[PDB]
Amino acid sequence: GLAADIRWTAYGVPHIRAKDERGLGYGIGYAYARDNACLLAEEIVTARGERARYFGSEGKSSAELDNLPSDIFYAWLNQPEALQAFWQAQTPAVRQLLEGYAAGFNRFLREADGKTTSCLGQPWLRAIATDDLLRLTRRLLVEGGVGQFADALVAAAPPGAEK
């Protein structure tokens, strides 16, 4: 199955040991959830294009984009066909790292009682899938490109009959 040995040193730095990528990913996802589950959950909402669904149109993402334009952009960027192509192009090692991460993040969520997590019980805090990690990866990928034109993409519409 999946298994990891985790040691934390001062300041909460994890040291993860495993015999393979799936177990290594399991350790990473668990350790990261313990520190940052709410952050990852929010950013996954953003990369799924679901901010307006949970927070309405008057809010912004942590990139300071309005929620509805951000959602249009990420719904476009992270369409099912794009995520499937990206997944199909991954090596077994990377697929295993991602499978392990999702499972380790979700194990922390099942066990959490609030010691280090402020958003338990929120509807947007939920078990994650490897596709969510692909969404995050793609969001980061385009930060030097079309991501800087997200508002401009959403604004692009043909003219009417103006003079």
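From 1 onward, residues are counted along the sequence shown.
Higher mean CA temperature factor between 153-161 and 4-12: 153-161, per the PDB entry. As the entry records it, the average C-alpha temperature factor is higher for 86-94, out of 71-79 and 86-94.
Reading the B-factor column for the CA atoms of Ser57, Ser61, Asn106, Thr137 in the entry, the top value corresponds to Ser57. Comparing the C-alpha B-factors of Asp132, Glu99, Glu43, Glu111 in the entry, the top value falls on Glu111. Sort the modelled residues of the chain by CA B factor and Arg34 lands in the middle third.
In the PDB entry, a CA B factor belonging to the lowest third of its chain's modelled residues is recorded for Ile28. When the CA B factors of the chain's modelled residues are split into thirds, the value for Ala47 lands in the lowest one. Among all modelled residues in this chain, the alpha-carbon of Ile128 has a temperature factor (C-alpha) in the lowest third.
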